[PDB]
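So this one's work23.csv, CSV, C-alpha atoms:
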chain,number,residue,atom,x,y,z
A,13,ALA,CA,-33.4,-42.6,-83.0
A,14,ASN,CA,-31.3,-44.2,-80.2
A,15,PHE,CA,-27.5,-44.6,-80.6
A,16,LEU,CA,-25.0,-46.5,-78.5
A,17,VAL,CA,-21.6,-48.0,-79.1
A,18,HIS,CA,-19.3,-50.5,-77.4
A,19,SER,CA,-15.7,-50.5,-78.5
A,20,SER,CA,-12.5,-51.3,-76.6
A,21,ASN,CA,-9.3,-50.3,-78.6
A,22,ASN,CA,-10.5,-48.9,-81.9
A,23,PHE,CA,-7.8,-47.1,-83.9
A,24,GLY,CA,-10.4,-45.1,-85.9
A,25,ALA,CA,-13.2,-42.7,-85.2
A,26,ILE,CA,-16.8,-43.8,-84.9
A,27,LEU,CA,-19.8,-42.0,-86.5
A,28,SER,CA,-23.5,-42.0,-86.2
A,29,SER,CA,-26.1,-41.3,-88.9
A,30,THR,CA,-23.5,-39.2,-90.7
A,31,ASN,CA,-24.3,-37.6,-94.1
A,32,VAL,CA,-22.0,-34.6,-94.6
A,33,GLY,CA,-22.4,-33.8,-98.3
A,34,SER,CA,-20.7,-34.1,-101.7
A,35,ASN,CA,-17.2,-33.3,-103.0
A,36,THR,CA,-16.2,-31.7,-106.3
A,37,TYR,CA,-12.9,-31.5,-108.2
B,13,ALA,CA,-33.3,-46.9,-85.6
B,14,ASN,CA,-31.0,-48.4,-82.9
B,15,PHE,CA,-27.2,-48.6,-83.4
B,16,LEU,CA,-24.6,-50.4,-81.4
B,17,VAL,CA,-21.1,-51.8,-82.1
B,18,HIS,CA,-18.7,-54.3,-80.5
B,19,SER,CA,-15.1,-54.1,-81.8
B,20,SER,CA,-11.8,-54.8,-80.0
B,21,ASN,CA,-8.8,-53.7,-82.1
B,22,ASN,CA,-10.1,-52.3,-85.4
B,23,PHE,CA,-7.6,-50.4,-87.4
B,24,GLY,CA,-10.3,-48.5,-89.3
B,25,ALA,CA,-13.2,-46.2,-88.5
B,26,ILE,CA,-16.7,-47.4,-88.1
B,27,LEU,CA,-19.8,-45.8,-89.5
B,28,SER,CA,-23.6,-45.9,-89.1
B,29,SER,CA,-26.2,-45.3,-91.7
B,30,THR,CA,-23.8,-43.1,-93.6
B,31,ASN,CA,-24.8,-41.5,-96.9
B,32,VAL,CA,-22.6,-38.5,-97.6
B,33,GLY,CA,-23.1,-37.6,-101.2
B,34,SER,CA,-21.6,-37.8,-104.7
B,35,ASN,CA,-18.2,-36.9,-106.1
B,36,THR,CA,-17.3,-35.3,-109.4
B,37,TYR,CA,-14.1,-35.0,-111.5
C,13,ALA,CA,-33.1,-51.1,-88.2
C,14,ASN,CA,-30.7,-52.6,-85.6
C,15,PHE,CA,-26.9,-52.6,-86.2
C,16,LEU,CA,-24.1,-54.4,-84.3
C,17,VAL,CA,-20.6,-55.6,-85.1
C,18,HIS,CA,-18.1,-58.0,-83.7
C,19,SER,CA,-14.5,-57.7,-85.0
C,20,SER,CA,-11.2,-58.3,-83.4
C,21,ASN,CA,-8.3,-57.1,-85.6
C,22,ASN,CA,-9.8,-55.7,-88.8
C,23,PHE,CA,-7.4,-53.7,-90.9
C,24,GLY,CA,-10.2,-51.9,-92.7
C,25,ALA,CA,-13.1,-49.7,-91.8
C,26,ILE,CA,-16.6,-51.1,-91.2
C,27,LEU,CA,-19.8,-49.5,-92.6
C,28,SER,CA,-23.5,-49.8,-92.0
C,29,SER,CA,-26.3,-49.3,-94.6
C,30,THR,CA,-24.1,-47.0,-96.5
C,31,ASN,CA,-25.2,-45.4,-99.8
C,32,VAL,CA,-23.1,-42.3,-100.5
C,33,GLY,CA,-23.8,-41.5,-104.1
C,34,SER,CA,-22.4,-41.6,-107.7
C,35,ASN,CA,-19.1,-40.6,-109.2
C,36,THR,CA,-18.4,-39.0,-112.5
C,37,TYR,CA,-15.3,-38.5,-114.7
D,13,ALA,CA,-32.8,-55.3,-90.8
D,14,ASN,CA,-30.3,-56.7,-88.3
D,15,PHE,CA,-26.5,-56.7,-89.0
D,16,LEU,CA,-23.6,-58.3,-87.2
D,17,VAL,CA,-20.1,-59.4,-88.2
D,18,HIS,CA,-17.4,-61.7,-86.8
D,19,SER,CA,-13.9,-61.3,-88.3
D,20,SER,CA,-10.5,-61.7,-86.8
D,21,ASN,CA,-7.7,-60.4,-89.1
D,22,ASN,CA,-9.4,-59.1,-92.3
D,23,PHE,CA,-7.1,-57.0,-94.5
D,24,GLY,CA,-10.1,-55.3,-96.2
D,25,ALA,CA,-13.1,-53.2,-95.2
D,26,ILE,CA,-16.5,-54.7,-94.4
D,27,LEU,CA,-19.8,-53.2,-95.7
D,28,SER,CA,-23.5,-53.7,-95.0
D,29,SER,CA,-26.4,-53.3,-97.4
D,30,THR,CA,-24.3,-50.8,-99.5
D,31,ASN,CA,-25.6,-49.3,-102.7
D,32,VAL,CA,-23.7,-46.1,-103.4
D,33,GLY,CA,-24.5,-45.3,-107.0
D,34,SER,CA,-23.2,-45.4,-110.6
D,35,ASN,CA,-20.0,-44.3,-112.2
D,36,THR,CA,-19.5,-42.6,-115.6
D,37,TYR,CA,-16.5,-42.0,-117.9
E,13,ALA,CA,-33.5,-38.3,-80.4
E,14,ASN,CA,-31.5,-40.0,-77.6
E,15,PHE,CA,-27.8,-40.5,-77.8
E,16,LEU,CA,-25.4,-42.5,-75.6
E,17,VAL,CA,-22.0,-44.1,-76.1
E,18,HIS,CA,-19.9,-46.7,-74.3
E,19,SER,CA,-16.2,-46.9,-75.3
E,20,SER,CA,-13.1,-47.8,-73.3
E,21,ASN,CA,-9.9,-46.9,-75.2
E,22,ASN,CA,-10.9,-45.5,-78.5
E,23,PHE,CA,-8.0,-43.7,-80.4
E,24,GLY,CA,-10.4,-41.7,-82.5
E,25,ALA,CA,-13.2,-39.1,-81.9
E,26,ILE,CA,-16.9,-40.1,-81.7
E,27,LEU,CA,-19.7,-38.2,-83.4
E,28,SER,CA,-23.5,-38.1,-83.2
E,29,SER,CA,-25.9,-37.3,-86.1
E,30,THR,CA,-23.2,-35.3,-87.8
E,31,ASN,CA,-23.8,-33.7,-91.2
E,32,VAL,CA,-21.3,-30.8,-91.7
E,33,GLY,CA,-21.6,-30.0,-95.4
E,34,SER,CA,-19.8,-30.3,-98.7
E,35,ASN,CA,-16.3,-29.7,-99.9
E,36,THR,CA,-15.0,-28.2,-103.1
E,37,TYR,CA,-11.7,-28.1,-104.9
F,17,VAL,CA,13.1,-46.7,-97.8
F,18,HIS,CA,9.5,-48.0,-97.9
F,19,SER,CA,5.9,-46.9,-97.3
F,20,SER,CA,4.0,-50.0,-96.1
F,21,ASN,CA,0.4,-48.6,-96.2
F,22,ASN,CA,-3.0,-50.1,-96.8
F,23,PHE,CA,-6.6,-49.1,-97.8
F,24,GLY,CA,-9.9,-50.6,-96.5
F,25,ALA,CA,-12.4,-49.2,-99.0
F,26,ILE,CA,-12.1,-46.3,-101.4
F,27,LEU,CA,-15.7,-46.3,-102.8
F,28,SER,CA,-16.4,-43.8,-105.6
F,29,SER,CA,-13.1,-42.0,-105.5
F,30,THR,CA,-11.0,-40.6,-108.3
F,31,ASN,CA,-7.2,-40.7,-107.5
F,32,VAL,CA,-5.5,-42.8,-104.8
F,33,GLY,CA,-2.0,-44.0,-104.3
F,34,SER,CA,1.2,-43.3,-102.4
F,35,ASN,CA,4.1,-41.5,-104.1
F,36,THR,CA,7.6,-42.1,-102.9
F,37,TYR,CA,10.7,-41.0,-104.8
G,17,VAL,CA,13.4,-44.2,-93.6
G,18,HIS,CA,9.8,-45.3,-93.7
G,19,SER,CA,6.2,-44.1,-93.3
G,20,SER,CA,4.1,-47.1,-92.2
G,21,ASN,CA,0.6,-45.6,-92.4
G,22,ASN,CA,-2.9,-47.0,-93.1
G,23,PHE,CA,-6.4,-45.9,-94.2
G,24,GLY,CA,-9.8,-47.2,-93.1
G,25,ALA,CA,-12.2,-45.8,-95.7
G,26,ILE,CA,-11.7,-42.8,-98.0
G,27,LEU,CA,-15.2,-42.8,-99.6
G,28,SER,CA,-15.7,-40.2,-102.4
G,29,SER,CA,-12.3,-38.5,-102.1
G,30,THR,CA,-10.1,-37.2,-104.9
G,31,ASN,CA,-6.4,-37.5,-104.0
G,32,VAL,CA,-4.8,-39.6,-101.2
G,33,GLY,CA,-1.4,-41.0,-100.6
G,34,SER,CA,1.8,-40.3,-98.6
G,35,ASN,CA,4.8,-38.6,-100.2
G,36,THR,CA,8.2,-39.4,-98.8
G,37,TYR,CA,11.4,-38.5,-100.6
H,17,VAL,CA,13.6,-41.7,-89.3
H,18,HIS,CA,9.9,-42.6,-89.6
H,19,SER,CA,6.4,-41.3,-89.3
H,20,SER,CA,4.1,-44.2,-88.2
H,21,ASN,CA,0.7,-42.6,-88.6
H,22,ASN,CA,-2.8,-43.8,-89.5
H,23,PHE,CA,-6.2,-42.6,-90.7
H,24,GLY,CA,-9.7,-43.8,-89.7
H,25,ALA,CA,-11.9,-42.3,-92.3
H,26,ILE,CA,-11.3,-39.4,-94.7
H,27,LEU,CA,-14.7,-39.2,-96.4
H,28,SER,CA,-15.1,-36.6,-99.2
H,29,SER,CA,-11.6,-35.1,-98.8
H,30,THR,CA,-9.2,-33.9,-101.5
H,31,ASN,CA,-5.5,-34.3,-100.4
H,32,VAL,CA,-4.2,-36.4,-97.6
H,33,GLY,CA,-0.8,-37.9,-96.9
H,34,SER,CA,2.3,-37.4,-94.7
H,35,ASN,CA,5.4,-35.8,-96.2
H,36,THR,CA,8.8,-36.7,-94.8
H,37,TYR,CA,12.1,-35.9,-96.4
I,17,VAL,CA,13.7,-39.1,-85.1
I,18,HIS,CA,10.0,-40.0,-85.5
I,19,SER,CA,6.5,-38.5,-85.3
I,20,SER,CA,4.1,-41.3,-84.3
I,21,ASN,CA,0.8,-39.6,-84.8
I,22,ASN,CA,-2.7,-40.7,-85.8
I,23,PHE,CA,-6.0,-39.4,-87.2
I,24,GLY,CA,-9.6,-40.4,-86.3
I,25,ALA,CA,-11.7,-38.8,-89.0
I,26,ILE,CA,-10.8,-36.0,-91.3
I,27,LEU,CA,-14.2,-35.7,-93.2
I,28,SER,CA,-14.3,-33.1,-96.0
I,29,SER,CA,-10.8,-31.7,-95.5
I,30,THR,CA,-8.3,-30.6,-98.1
I,31,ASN,CA,-4.7,-31.1,-96.9
I,32,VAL,CA,-3.5,-33.3,-94.0
I,33,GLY,CA,-0.2,-34.9,-93.2
I,34,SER,CA,2.8,-34.5,-90.9
I,35,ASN,CA,6.0,-33.0,-92.3
I,36,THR,CA,9.3,-34.0,-90.7
I,37,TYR,CA,12.7,-33.3,-92.2
J,17,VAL,CA,13.8,-36.6,-80.8
J,18,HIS,CA,10.1,-37.3,-81.4
J,19,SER,CA,6.6,-35.7,-81.3
J,20,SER,CA,4.1,-38.4,-80.4
J,21,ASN,CA,0.8,-36.6,-81.0
J,22,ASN,CA,-2.7,-37.6,-82.1
J,23,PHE,CA,-5.9,-36.1,-83.6
J,24,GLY,CA,-9.5,-37.0,-82.9
J,25,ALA,CA,-11.4,-35.4,-85.7
J,26,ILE,CA,-10.4,-32.6,-88.0
J,27,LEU,CA,-13.6,-32.2,-89.9
J,28,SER,CA,-13.6,-29.6,-92.7
J,29,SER,CA,-10.1,-28.3,-92.1
J,30,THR,CA,-7.4,-27.3,-94.7
J,31,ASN,CA,-3.9,-27.9,-93.3
J,32,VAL,CA,-2.9,-30.2,-90.4
J,33,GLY,CA,0.3,-31.9,-89.4
J,34,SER,CA,3.3,-31.6,-87.1
J,35,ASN,CA,6.6,-30.2,-88.3
J,36,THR,CA,9.8,-31.3,-86.6
J,37,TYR,CA,13.2,-30.8,-88.0

Show me the file's structure as structure tokens.
Amino acid sequence: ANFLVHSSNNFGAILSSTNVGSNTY
Amino acid sequence: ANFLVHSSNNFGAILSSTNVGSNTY
Amino acid sequence: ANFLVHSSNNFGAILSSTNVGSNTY
Amino acid sequence: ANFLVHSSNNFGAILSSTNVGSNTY
Amino acid sequence: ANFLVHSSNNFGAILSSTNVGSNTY
Amino acid sequence: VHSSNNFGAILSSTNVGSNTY
Amino acid sequence: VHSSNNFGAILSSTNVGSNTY
Amino acid sequence: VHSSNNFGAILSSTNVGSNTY
Amino acid sequence: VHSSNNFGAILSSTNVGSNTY
Amino acid sequence: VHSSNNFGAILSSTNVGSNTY
């Protein structure tokens, strides 16, 4: 599992192999 | 699993192999 | 599994091999 | 599985091999 | 598991293999 | 007054939309 | 007055939107 | 007056949005 | 007056947004 | 007057936002 990124002026966050969980009401 | 990106002026976030979960009402 | 992107001025987020889950009412 | 994109001024998000799940009423 | 990044002027945070948990209402 | 917002992708959500009175 | 916001991706959320009165 | 904010990704949240009166 | 803020990622939160009166 | 702030990532929080009156 090798991760790299190349961004210049992104206005959002960047993630990597993310799996946080579920959400409930 | 190798990840890279190349964006200049994105106004959103970028993700990678994301699978967070389900949502319920 | 190799991922790369090339966008200039996207107004939305970008995803990669995403499969989060289901939703219920 | 190799992914790349090339968009200039998209007003929507972009996805890649997405299959989230089902929805129920 | 090897991680590296290359960003110039990102306006968001960057993450790596993140999976925090679920959220409930 | 005005809001002027946008949304990229809201997959598998349940309630979205801007309220302005 | 105005808000002028945006959203990238709000996957699997339940309530999103800016309130301005 | 104005707010002028933005959001990248708000995955699996429950209440987001800027209030300005 | 104005706020001019931004957010990268707010994963799995419950209440976000700037109040300015 | 103005605030001009920003946020990187606020994962799993409950209340964020700058108040200026």

Could you fit chain A onto chain D by least squares over every C-alpha atom, paired in order, and give me the moved chain as a CSV table (one decimal) with C-alpha atoms, in the coordinates of the input?
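Contents of result.csv, as written:
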chain,number,residue,atom,x,y,z
A,13,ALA,CA,-32.8,-55.3,-90.8
A,14,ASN,CA,-30.3,-56.7,-88.2
A,15,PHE,CA,-26.5,-56.7,-89.0
A,16,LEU,CA,-23.6,-58.3,-87.3
A,17,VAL,CA,-20.1,-59.4,-88.2
A,18,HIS,CA,-17.4,-61.7,-86.8
A,19,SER,CA,-14.0,-61.3,-88.3
A,20,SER,CA,-10.5,-61.7,-86.8
A,21,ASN,CA,-7.7,-60.4,-89.1
A,22,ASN,CA,-9.4,-59.1,-92.2
A,23,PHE,CA,-7.1,-57.0,-94.5
A,24,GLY,CA,-10.1,-55.3,-96.2
A,25,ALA,CA,-13.1,-53.2,-95.1
A,26,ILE,CA,-16.5,-54.7,-94.5
A,27,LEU,CA,-19.8,-53.2,-95.7
A,28,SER,CA,-23.4,-53.6,-95.0
A,29,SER,CA,-26.4,-53.2,-97.4
A,30,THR,CA,-24.2,-50.8,-99.4
A,31,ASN,CA,-25.6,-49.3,-102.7
A,32,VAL,CA,-23.7,-46.1,-103.4
A,33,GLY,CA,-24.6,-45.3,-107.0
A,34,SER,CA,-23.2,-45.4,-110.6
A,35,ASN,CA,-20.0,-44.3,-112.3
A,36,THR,CA,-19.5,-42.6,-115.6
A,37,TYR,CA,-16.5,-42.0,-117.9

Using 12 Å as the limit and counting all atoms listed in the file, can you tabulate each residue of chain F that touches chain A, with its shortest atom-to-atom distance in Å and the two atoms involved, as a tab-separated table?
residue	atom	partner	partner_atom	distance
F:24	CA	A:24	CA	12.0
F:28	CA	A:35	CA	10.8
F:29	CA	A:35	CA	9.9
F:30	CA	A:37	CA	9.3
F:31	CA	A:37	CA	10.8

request  = Residues of chain G near chain I: apply a cut-off of 9 Å, count only C-alpha atoms, and supply the list as a count of residues only.
outcome  = 4
